[PDB]
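Summary of structural features
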Amino acid sequence: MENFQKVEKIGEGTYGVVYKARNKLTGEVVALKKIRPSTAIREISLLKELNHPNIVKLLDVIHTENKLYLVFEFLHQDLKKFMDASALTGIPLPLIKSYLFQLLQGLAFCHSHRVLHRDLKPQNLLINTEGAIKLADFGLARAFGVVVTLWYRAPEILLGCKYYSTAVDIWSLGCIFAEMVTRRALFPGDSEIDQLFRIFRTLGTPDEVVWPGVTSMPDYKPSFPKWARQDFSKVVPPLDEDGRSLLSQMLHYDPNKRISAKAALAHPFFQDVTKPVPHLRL
Ligand SMILES: Nc1nc(Nc2ccccc2)sc1C(=O)c1cccc(C(F)(F)F)c1
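What counts and what doesn't
- Residues numbered from 1 in each chain as written, not as in the entry; some residues may be left out.
- Heavy atoms only, no water.
- Helix = DSSP H or I, 4+ residues; strand = E, 2+ residues; numbered from the N terminus.
- Rg over C-alpha atoms; globule rule 2.2 N^0.38 Å.
- Buried < 20%, exposed > 50% of the residue type's maximum accessible area, 1.4 Å probe, protein only.
- Areas by Shrake-Rupley, 256 points an atom, 1.4 Å probe, with all protein chains shown as cover.
- Near = heavy atom within 4 Å.
- Polar contact = N/O pair within 3.5 Å; in protein donor to acceptor, adjacent residues only side chain to side chain.
- Domains from an automatic or database assignment.
- UniProt positions renumbered as here; feature names shortened; annotations may be inferred.
- Contact = heavy atoms within 4.5 Å.

As deposited, the entry is annotated with X-ray crystallography as its determination method and 1.75 Å as its resolution.

Next comes the structure, spelled out in structure tokens:
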């Protein structure tokens, strides 16, 4: 490339290939994302203004030769790989707590600036050797607008609601919190209906009592099986009551009842939060 030198492919992103690259002029190592619309350019460019310790910095938006690339700060490893690497022993609770606290700070910051992620998953949560965790790709979904992982999708999205709210990110984070704890995905659906029914089998089929307006959602069907809610103590067993109470508030069916990132930061679960050093194999 004219302005960069590719080091290697990191993986397949939602919008195109993501490469580890080196800036020709500065020598800095970055995550270069090729995007496979003028409104998009202006919108994404606004995201360069976001700066928070728990948000992966969008360094630049490059539009040349009629191709679009996004330049992001490069982090050491993603949470998916770290969880896989920590499968035999599990991520220590203090580190799970630290990561959840930091992720909520990142969401609180973005949400306060009216920016949603909409597709949070372990793959876009990045960590470093110092104990920090950061979220990448906030705001891209709104700007770009559409195998895909459905495991972290909020129910309102699965039911076809075309209006998103900050609550979709809290749902995804709750799913990730559960996965760090149990070392297994909470709702590993293989299709949209399987994803929805896995949520229903665990949290109970929603109704107008727990979620006013659910029966009028676009893809809701009166024929959905009616499953009873499972005892929450069976869903993420290890986790103590503070952790379980917080998780339950992040997984409420009605997005309006779901706890905000700001309110979650004040939950008793974080009374003893610390910032441990992770054991990272790079
Ligand atoms: N900034 C940034 N640093 C990264 N370092 C890294 C280095 C080694 C292993 C894993 C991640 S990855 C990354 C992403 O922003 C990102 C987000 C979603 C998906 C992907 C991909 F999977 F590669 F398509 C990448």
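So much for the structure itself; the text now carries on.
Turning to the overall build of the protein chain, a few remarks are in order. Within the protein chain one finds 9 helices and 8 strands. In summary, the protein chain has a C-alpha radius of gyration of 19 Å against a globular reference of 19 Å for 282 residues, a match within 12%. Expressed along its principal axes, the backbone C-alpha trace of the protein chain runs to roughly 60 × 40 × 30 Å. Per-residue burial for the protein chain yields a buried fraction of 52% across its 282 residues. Only carbon and sulfur atoms are counted for the fraction: they give 51% of the accessible area of the protein chain, which is about 14800 Å².

To continue, consider the site of the ligand. The environment of the ligand is formed by 19 residues, the closest being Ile10, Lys33, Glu73, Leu75 and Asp78. Between the ligand and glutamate 73 there is a distance of 2.9 Å, counted from a nitrogen atom to a backbone nitrogen or oxygen. Note that a nitrogen atom of the ligand is positioned 2.8 Å from one of the backbone N or O atoms of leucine 75. Protein contact buries 89% of the 540 Å² of open area that the ligand shows by itself. With 3 residues, strand β1 (residues 4-12) is the largest single contributor of residues to the shell around the ligand. Counting contributing residues per domain, the shell around the ligand is built from domain 1 (1-76) and domain 2 (77-279), each supplying no fewer than three.

The next point concerns the UniProt feature "binding site: Mg(2+)" in the protein chain. As recorded in UniProt, the feature "binding site: Mg(2+)" lies at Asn124 and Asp137. Relative to the elements of secondary structure, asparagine 124 occurs in the loop between α3 (93-112) and β7 (125-127). Among the residues examined, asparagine 124 registers a relative accessible area of 5% and is labelled buried. Once residues within four sequence positions are removed from consideration, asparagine 124 is found in contact with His117, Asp119, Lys134, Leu135 and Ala136. With respect to the helices and strands, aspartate 137 occurs in the loop between β8 (133-135) and α4 (140-144). For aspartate 137, a relative accessible area of 15% corresponds to the buried category. Look past the residues within four positions of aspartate 137 in its chain and what remains in contact with it is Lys33, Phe72 and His117.

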